[PDB]
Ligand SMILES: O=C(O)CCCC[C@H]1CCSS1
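In the form deposited without the named molecule, a lone chain appears below as structure tokens.
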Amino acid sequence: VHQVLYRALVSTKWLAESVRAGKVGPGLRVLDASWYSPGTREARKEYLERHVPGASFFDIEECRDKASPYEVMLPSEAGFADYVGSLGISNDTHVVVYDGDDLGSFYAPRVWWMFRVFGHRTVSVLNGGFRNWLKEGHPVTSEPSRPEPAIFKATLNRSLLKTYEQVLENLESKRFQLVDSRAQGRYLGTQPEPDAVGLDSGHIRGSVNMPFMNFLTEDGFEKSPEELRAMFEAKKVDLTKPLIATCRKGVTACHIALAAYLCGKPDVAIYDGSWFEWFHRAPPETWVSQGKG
């Protein structure tokens, strides 16, 4: 089972029984892919302390194009491959991803999207994250997880990724819908982009703003299809037409993609470079801010 539409979301209950069943192994690998702004939370430490039994830590910082000047850029296929392989994940395993965000889901979508872009379809996100796992009393541990290495092969699926040149052309073709998942304020230019030197805020021209946190519920669970569908709609985003999601560094843009997929559209592509690279590569005329004119 890989699918026309594979199980994008698994539940806590689901994960718990699998663990109990002794399901975690070569066919099922769990991953913590938590990441937080420097000086706030310590993901890896947090992970070492308590993690779903048998879970591994997935390091965003390690898994990327270390050689690019931009933030968290996709690694190469070989890179990706060796990485996931060492975590004991083969082309045959079903990958479950989670993060510790208080919102319930921040970085997990990113990892989900990363597997897919590299050619794996059997990957899913724990709905309501570690937040929920804990809140429900599921089993936690600090024991070390040491998976046996597996061989994984990956293949880039160019259609789920967009580059600079491609978003630029889109400026003229207008063929795909550009949706921005950043906080309204950063989108509008009213608030500044954090963790950058000289980086101005604002958005690519003709982009639409869809704040990630709007797809989650107070309890930190994904909204329901009916809910998601009405959202894209109220926003004048047509699931029927082509769509490109962007953000700051192509992280929460993945929340646009997962929401579309549970809505039946699995082909939302992600602008990995995002605003960070855009701001440093494009002509200023291509963007706008509710400030610096």
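Shifts are known only where both forms have a C-alpha. So that the term is clear: the rigid core is the largest set of C-alpha atoms that superpose within 1.5 Å between two forms. Heads up: residue numbers just count along the shown sequence, starting at 1.
If you look for the form solved in complex with the named molecule, you will not find it shown, but the lines that follow are about it.
Engineer: Suppose contact means a heavy atom within 4.5 Å; in the deposited bound form, does that hold for all of 183, 186 and 194 with the named molecule?
Structural biologist: Yes, the whole candidate spot contacts the named molecule.
Engineer: Test of understanding: in the deposited bound form, would residue 115 fall inside 4.5 Å of the named molecule by heavy atoms?
Structural biologist: Residue 115: no contact with the named molecule in the deposited bound form.
Engineer: Would you check, heavy atoms only and a 4.5 Å threshold, whether residue 176 touches the named molecule in the deposited bound form?
Structural biologist: The answer is no: residue 176 has no heavy atom within 4.5 Å of the named molecule.
Engineer: Could you confirm whether residue 83 comes within 4.5 Å of the named molecule in the deposited bound form, counting heavy atoms only?
Structural biologist: Flag for residue 83 set to no.
Engineer: May I ask you to check whether residue 29 falls inside a 4.5 Å heavy atom distance of the named molecule in the deposited bound form?
Structural biologist: Residue 29 lies outside the contact set for the named molecule.
Engineer: Considering the named molecule in the deposited bound form, find the one stretch among 229-237, 243-251, 257-265, 54-62 with heavy atoms no farther than 4.5 Å from it.
Structural biologist: One stretch meets the cut-off, namely 243-251.
Engineer: Check each of 106, 221, 133, 152 and return the one that places a heavy atom within 4.5 angstroms of the named molecule in the deposited bound form.
Structural biologist: Looking at the other structure, the residue within range turns out to be 106.
Engineer: Fitted on the core, where are the consecutive stretches (at least 3 residues) whose C-alpha atoms all shift 2 Å or more between the shown form and the other one?
Structural biologist: The segment that shifts (3 or more residues, C-alpha shift of 2 Å or more) is 1-3 alone.
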